[PDB]
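A.B. asks: one piece of my complex first, more on the way:
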Amino acid sequence: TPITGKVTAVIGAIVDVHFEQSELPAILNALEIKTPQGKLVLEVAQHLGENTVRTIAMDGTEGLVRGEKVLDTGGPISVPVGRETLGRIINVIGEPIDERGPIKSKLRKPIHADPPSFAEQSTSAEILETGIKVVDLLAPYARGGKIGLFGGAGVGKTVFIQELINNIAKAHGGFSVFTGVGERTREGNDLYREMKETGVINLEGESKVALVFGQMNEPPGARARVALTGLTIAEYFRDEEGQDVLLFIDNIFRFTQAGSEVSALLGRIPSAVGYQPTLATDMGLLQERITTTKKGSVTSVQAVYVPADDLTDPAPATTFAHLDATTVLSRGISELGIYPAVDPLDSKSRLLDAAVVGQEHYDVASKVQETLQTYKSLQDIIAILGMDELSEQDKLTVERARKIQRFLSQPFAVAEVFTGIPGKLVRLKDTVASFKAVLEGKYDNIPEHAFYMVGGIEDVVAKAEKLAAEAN
Amino acid sequence: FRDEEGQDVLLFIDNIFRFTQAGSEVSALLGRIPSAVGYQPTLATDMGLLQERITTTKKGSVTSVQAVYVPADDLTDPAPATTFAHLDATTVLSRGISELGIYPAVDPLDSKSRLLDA
């Protein structure tokens, strides 16, 4: 028979339905309340007893008359799945946000589903080449891994994700996807535009990208569950399709923020930094679910917007563990003017080892990091006394390090909006050789300002010659 | 022991900093709201009671010796400052630049003795 429930109370976005019958809706299942403006599905979140279960809204909470008949799907939100998803930017409910109508999905797996099996986890050391210098040498990107770009508020996260998308997708060799949570509306529009223009999603042809957008506008529950819907689409595209699938999550910190906003109204006592009482557990359940098992390859880009620009925040701290190749970008480096903004002394990839990208590459990165750390360590005495007051060896290292830091930025293909230069993708081997040379003084006399926003050391020398022509 | 034997009965406390950690853990473990230190409401009462237990009487004295572990230069903590200004004489045994070539491992400079008069 039909299951109907009456909305007993709607407080904030955490609504209550007192399904006054025997078989109450299951936890983590979908309850549908028929608001006149749509299907305000709900996530039955806590069986508060007395035939009352508290739900998280998957849409607007305004105007829900206390006592609306709520019909229960019974199982999890059945996100449509299949190749048909490609080219359609689904919504958090799986509803096709693309004004192309319903998408004919052969099936629909549950949004919530079991994580990868502990014994089905294909360990890999393959490095995916993205071309950006910090991505090139300082922290390799694991092919079919989970690279997290935990970084400050828009201080490079959106642009870095966009450039990486425009880079990897063309040669993705599979069926990628894009999942956003709390995405800036204009940024979401721009991402859709770039995917359409790059040919990644062909409107009337083959599409290698299927999108699920969870922009910040939505209700908190929608913001939290949108990334879960993306992860379900991704895992379905990884096992069933069995081919490499690149799923990128933007501002996964917004998912934790949704958890934080929901939890307080959900009756959980306040936790650390007021964060949701279940930060790590939920973040794992929505992160550990994403992995490249033997069933298929998963390229995961999970940007985390470290609140308060201080990675000491408990949510970013819990985020740091579950991600493999961490490329931290912080406002300190940005304020120096370097667009790529990567904190080279911090951003590291455990995918990078001696036997991973080359003994020479490992030594090059080690020397570069040592030099930059020396510069940071001596910055205090430099400011207090001056460059002259210290050693000429120390002065030489400081000058080389300043040149290296000024070499860290690069022109990215979509960032040409800001720097204005057509984008430059530095070859991994070429970049390693360039850095080894620059530390070794094969171009130590080139100009510092001719080291920023160029390609490899070849473009560096070309820029030095151009500066010799113009600056004089 | 002081009450009965009436001899100058020593008194050593292992880690009064650990004692304070335990007191705060009790307060939080209790329903009480720990706020008379900013993280501890009972710190005043319990710490004062324990310290004033070390008392000198006309019959005799029960000299105490409490060890206030330094939470690595915790100058901020109100309870550590209450303990440090809850005594009279002390000795500072640092592991850095004080255990260096010293079996006593003490720092005769930073030490103090209020009882020290000619």
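C.D. replies: Structure received. Residues are numbered from 1 along each chain as shown, chains lettered A, B, ... in the order given.

A.B. asks: Now do the helices in the stretch 51-200 of chain A.
C.D. replies: Remark: helices assigned in the stretch 51-200 of chain A by DSSP state H, counting those that start in this stretch are A:133, A:157-168, A:185-197.

A.B. asks: And the stretch 301-450 of chain A, by the same measure?
C.D. replies: Under DSSP H, counting those that start in this stretch, the stretch 301-450 of chain A gives helices at A:314-322, A:331-335, A:354-357, A:359-384, A:392-408, A:428-440.

A.B. asks: thinking residue A:9 is in contact with residue A:16, fair?
C.D. replies: Yes: between residue A:9 and residue A:16 there is a contact under C-beta atoms under 8 Å: 4.3 Å. All C-beta atoms are positioned from the backbone trio N, CA, C, and that covers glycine.

A.B. asks: These two: who's more crowded?
C.D. replies: residue A:16 (19 against 14; other C-beta atoms under 10 Å in any protein chain shown).

A.B. asks: burial count for residue A:309?
C.D. replies: Residues near residue A:309, counting by other C-beta under 10 Å: 15.

A.B. asks: how close does residue A:103 get to residue A:210?
C.D. replies: For residue A:103, the distance to residue A:210 equals 9 Å [C-beta to C-beta, to the nearest Å].

A.B. asks: where do the contact lists of these two overlap?
C.D. replies: A:85, A:88, A:90 (C-beta atoms under 8 Å, 6 or more residues apart in numbering or on different chains).

A.B. asks: so what's the second one up against?
C.D. replies: Just to be clear, that refers to residue A:88. Contacts of residue A:88 (C-beta under 8 Å, 6+ apart): A:96, A:97, A:98, A:100, A:103, A:210, A:211.

A.B. asks: out of those, which one sits closest to residue A:323?
C.D. replies: Nearest to residue A:323 among these is residue A:211, at 21.4 Å by C-beta to C-beta.

A.B. asks: is it true that that closest one touches residue A:178?
C.D. replies: Yes: when contacts are counted by C-beta under 8 Å, residue A:211 is listed as touching residue A:178 (4.6 Å).

A.B. asks: so what's in contact with the two at the same time?
C.D. replies: A:89, A:191, A:195.

A.B. asks: For the second one, give me its contacts.
C.D. replies: Under the criterion of C-beta under 8 Å, 6+ apart, the contact list for residue A:191 reads A:162, A:165, A:178, A:180, A:183, A:211, A:250.

A.B. asks: following sequence is chain C, add it:
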Amino acid sequence: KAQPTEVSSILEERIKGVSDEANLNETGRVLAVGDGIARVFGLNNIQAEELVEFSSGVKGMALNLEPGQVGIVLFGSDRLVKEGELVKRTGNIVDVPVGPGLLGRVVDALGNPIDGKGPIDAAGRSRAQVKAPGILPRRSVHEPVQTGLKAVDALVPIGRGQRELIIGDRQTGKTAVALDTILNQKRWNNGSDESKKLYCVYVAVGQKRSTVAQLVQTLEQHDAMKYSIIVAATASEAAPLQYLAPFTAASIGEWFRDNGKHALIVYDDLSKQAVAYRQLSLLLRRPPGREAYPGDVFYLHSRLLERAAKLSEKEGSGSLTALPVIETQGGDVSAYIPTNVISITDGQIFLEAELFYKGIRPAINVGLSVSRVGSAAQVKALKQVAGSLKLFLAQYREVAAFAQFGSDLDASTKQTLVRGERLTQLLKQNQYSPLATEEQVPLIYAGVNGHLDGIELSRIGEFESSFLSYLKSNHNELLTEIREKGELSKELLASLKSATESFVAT
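C.D. replies: Okay, here's chain C dropped in alongside the others:
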């Protein structure tokens, strides 16, 4: 006023009809009230977030439809209200009297006029919390605009839907930055061009009513009230009013932009709106969140800002560009509300404390300020020709970044420092003096071409005025073209070079 008598008769006739069709027998009775929040029983079938009409006269929203006791905040003073007074269900979600007629009128929380001008017509009364356009109904920033004051605006534009943000200390006059930004709705809006029209609608969230009067007078005297609807929420006004005000501005922005004309908005000090949400949450029953402020601070802030966008031609290619203004303490960029909002808004213009007393009436931290769209949607004068001038702005800002205590390594750095410092002493567009899309590039172009840089730095304060007047009455054709042709061509660059020689001469 016989018209007042007629209005009284019409209103009392409406009231007599209402009484005859009361249809209110089991409607709720306010159980208790306080802090602008009233706990009311009954109202057994009240739709969520619907205004409730209260006997004491002051109405209020109904936020928490708790089990039984439905919580309705009071959008007005409590000295009138009392427990047990009847609570009448308005039956409608909170909707704002919205439409083009509100022009020049200052409206209260839901839209009650407060100046004393009587009724203002309506082109729709929509709910205060509308769902913003998604992906497909959204679009890029393909149409630029002018911020009016040069105000580092050619540097970091403010385009179609550019959700820019600001910050500052108390009495930082960031409000004045907003006011000048609005005044630029007189060099395009006051014409007849819808494509140039950016019908601004400021806000007044929690300001001393005297400051409201100052704003109204400054709007009228410079003839701004012809194009700016300034929704008001007094500090003396009640907390629910201040909290709902940003939603009212959102409603007005929808009523304008949704019609298909390119419109703009500038929320007032939104820190007061956050404090109001704090009052609403921490006072009714909701447990506090991070930074002791209510948990959904980001939710409210987004639901305000995310309403603003730039729809596509599918929706009419209109836009509601927004300039939300947030306030800190001590110019604190690093704060819960400030940092969280800076994630939401797409542009930032940081106003400091030192510079606010150090060197500039604008005192906009050029290096700190940024906008997520510099290329797309910038003044075609400032980029299509002066794109090198924008890169030079970034470069000279980086140059002045290092100009604290380093020695004189060479002459190149010193020359860059002197020229950029003259430029910075120049670029501050004086208060309430919006005049831009005519010689924007001129400052950097002359600095690199050595026209103004040869002048004394202090003297530039009048040299710029003389150069502008010379371009106006002498280079009138070229200056007017730079205004209208939409670009400063190499030929126009040469003619401007000739005009620059003339300015250098006389």
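
A.B. asks: now that chain C has been added, could you go back to the neighbour count of residue A:309?
C.D. replies: Residue A:309: 19 neighbours (other C-beta under 10 Å).

A.B. asks: Quick check: nearest residue in space to it, chain neighbours excluded?
C.D. replies: residue A:152 (4.5 Å; C-beta to C-beta, 6 or more residues apart in numbering or on different chains).

A.B. asks: swap in residue A:344?
C.D. replies: residue A:138 is the one closest to residue A:344 (C-beta to C-beta, 6+ apart), at 4.8 Å.

A.B. asks: what do you get for residue C:378?
C.D. replies: residue C:157 (3.9 Å).

A.B. asks: Go ahead and confirm that neighbour touches residue C:372.
C.D. replies: No: between residue C:157 and residue C:372 there is no contact under C-beta under 8 Å: 10.4 Å.

A.B. asks: And these two? Which one has more around it.
C.D. replies: The neighbour count for residue C:157 versus residue C:372, taken as other C-beta under 10 Å, is higher for residue C:157 (26 against 23).

A.B. asks: Look at the residue nearest to residue C:378 and give its secondary structure.
C.D. replies: coil (DSSP: H, G, I helix; E, B strand; the rest coil).

A.B. asks: List the contacts of it.
C.D. replies: Per C-beta under 8 Å, 6+ apart, neighbours of residue C:157: C:144, C:145, C:147, C:371, C:373, C:374, C:377, C:378, C:379, C:382.

A.B. asks: Include distance to residue C:33 and secondary structure when you put these into TSV, please.
C.D. replies: Shown next, in TSV, are the contacts of residue C:157 (distance: C-beta to C-beta, whole Å; DSSP: H, G, I helix; E, B strand; the rest coil):
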residue	distance to residue C:33	secondary structure
C:144	50	coil
C:145	46	coil
C:147	45	coil
C:371	45	strand
C:373	47	coil
C:374	51	coil
C:377	48	coil
C:378	52	coil
C:379	53	coil
C:382	55	helix
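
A.B. asks: Most widely separated two among these?
C.D. replies: The widest separation within the contacts of residue C:157 (C-beta to C-beta) is 14.0 Å, between C:145 and C:374.

A.B. asks: What count of nearby residues applies to residue 454?
C.D. replies: I'll assume chain A. 23.

A.B. asks: not what I meant, chain C
C.D. replies: 11.

A.B. asks: and it, what element?
C.D. replies: Residue C:454 belongs to no helix or strand when elements are defined using DSSP states H and E.

A.B. asks: Surely it is in contact with residue C:504?
C.D. replies: Yes: when contacts are counted by C-beta under 8 Å, residue C:454 is listed as touching residue C:504 (7.5 Å).

A.B. asks: Kindly incorporate the sequence below as chain D:
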Amino acid sequence: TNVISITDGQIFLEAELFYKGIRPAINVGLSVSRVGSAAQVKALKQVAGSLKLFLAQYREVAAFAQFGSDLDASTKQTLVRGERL
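C.D. replies: That brings us to chain D, laid onto the chains above:
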């Protein structure tokens, strides 16, 4: 804090050391071990008894070399010994 009050000690691997190239990154000065060499094979002990003091001296000259200037014989010798160790 609770662990450092209950545990045996620490190898407080500060991020600067690992960034300074020293992988593994036991910041020797910030390290600690209550048990110590008494729980060690003395073959290690005969050399560690000097290793610890040499690292300690290097800690004493780290600031002096941070200034990047000359000094006496003991200081320069200590700096070279510490960097080499």
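
A.B. asks: again for the neighbour count of residue A:309, chain D present now?
C.D. replies: Residue A:309 has 19 nearby residues by other C-beta under 10 Å.

A.B. asks: what does chain A have sitting close to chain D?
C.D. replies: A:345-346, A:366-367, A:369-370, A:372-374, A:377-378, A:381, A:389-391, A:394 (C-beta under 8 Å from any C-beta of the partner chain).

A.B. asks: Mind giving me the PyMOL command for buried ones among those?
C.D. replies: Those of the residues of chain A next to chain D that count as buried under 16 or more other C-beta atoms under 10 Å in any protein chain shown are selected in PyMOL with:
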select buried, chain A and resi 345+346+367+369+370+372+373+374+377+378+381+390+391+394
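
A.B. asks: so which of the residues of chain A next to chain D comes closest to chain B?
C.D. replies: residue A:377 (20.0 Å; C-beta to the nearest C-beta).

A.B. asks: my guess is residue C:51 is in a helix, correct?
C.D. replies: No: secondary structure assignment (three-state DSSP) places residue C:51 in strand, not in a helix.

A.B. asks: any idea how far it lies from chain B?
C.D. replies: Distance, residue C:51 to chain B, using C-beta to the nearest C-beta, to the nearest Å: 39 Å.

A.B. asks: That residue: what's it in contact with?
C.D. replies: C:59, C:60, C:61, C:62, C:90, C:92, C:93, C:94, C:95, C:110.

A.B. asks: quick one: the closest residue to chain D within the stretch 251-400 of chain A from chain C, how far?
C.D. replies: Here the residue of the stretch 251-400 of chain A nearest chain D is residue A:390; by C-beta to the nearest C-beta that distance is 3.2 Å. Using C-beta to the nearest C-beta, residue A:390 is found at 15 Å from chain C.

A.B. asks: can you tell me which residues contact that residue?
C.D. replies: So residue A:390 contacts A:378, A:381, A:382, A:398, D:67, D:68, D:69 (C-beta under 8 Å, 6+ apart).

A.B. asks: ok, now residue C:91?
C.D. replies: C:47, C:50.

A.B. asks: quick check, nearest of the contacts of residue C:51 to chain A?
C.D. replies: residue C:93 (5.8 Å).

A.B. asks: Quick check: the closest one touching residue C:46?
C.D. replies: No: assessed by C-beta under 8 Å, residue C:93 is found out of contact with residue C:46, at 10.8 Å.

A.B. asks: Which one's more surrounded, those two?
C.D. replies: residue C:46 (23 against 18).
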